[PDB]
Amino acid sequence: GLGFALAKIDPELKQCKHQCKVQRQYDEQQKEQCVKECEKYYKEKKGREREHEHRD
């Protein structure tokens, strides 16, 4: 299919995913779980969402 597109998402995952990928190296499945938790915050709230944006 046409999965080449980056398909950017909300920035809140930028910082949370970064934290997951920088702290304690994780396998594809292990990193999937951390993203799942970060993504879960976004998913559950499903609102405008706000963050400090200390990093990036």
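Residues numbered from 1 in each chain as written, not as in the entry; some residues may be left out. Heavy atoms only, no water.

Method-wise, the PDB entry is recorded as coming from solution NMR.

## A look at the state of the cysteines
Keep this limit in mind: Disulfides are defined as pairs of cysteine sulfur atoms found within 2.5 Å of each other. Think of it this way: any DSSP run of H or I at least four residues long counts as a helix, any run of E at least two long counts as a strand, and we number them from the N terminus. Relative accessibility decides the category of a residue: with a 1.4 Å probe and only protein chains considered, values under 20% of the type maximum give buried, values over 50% give exposed, and everything between is partly exposed.
Going through the model one piece at a time under the given rule, you end up with 2 disulfides. Paired by a disulfide, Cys20 and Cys34 hold their sulfur atoms 2.0 Å apart. The sign of the S-S torsion, about -60°, decides the handedness of the disulfide formed by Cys20 and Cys34: left-handed. Placement of the pair is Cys20 in helix α1 (residues 12–22) and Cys34 in helix α2 (residues 28–45), with a sequence separation of 14 residues. Exposure remark for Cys20: the relative accessible area of 2% places this residue in the buried category. When its relative accessible area of 15% is taken as the criterion, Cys34 is described as buried. Each bonded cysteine of the protein chain is numbered by sequence order, and under that numbering the disulfide pairs are 1-4, 2-3.

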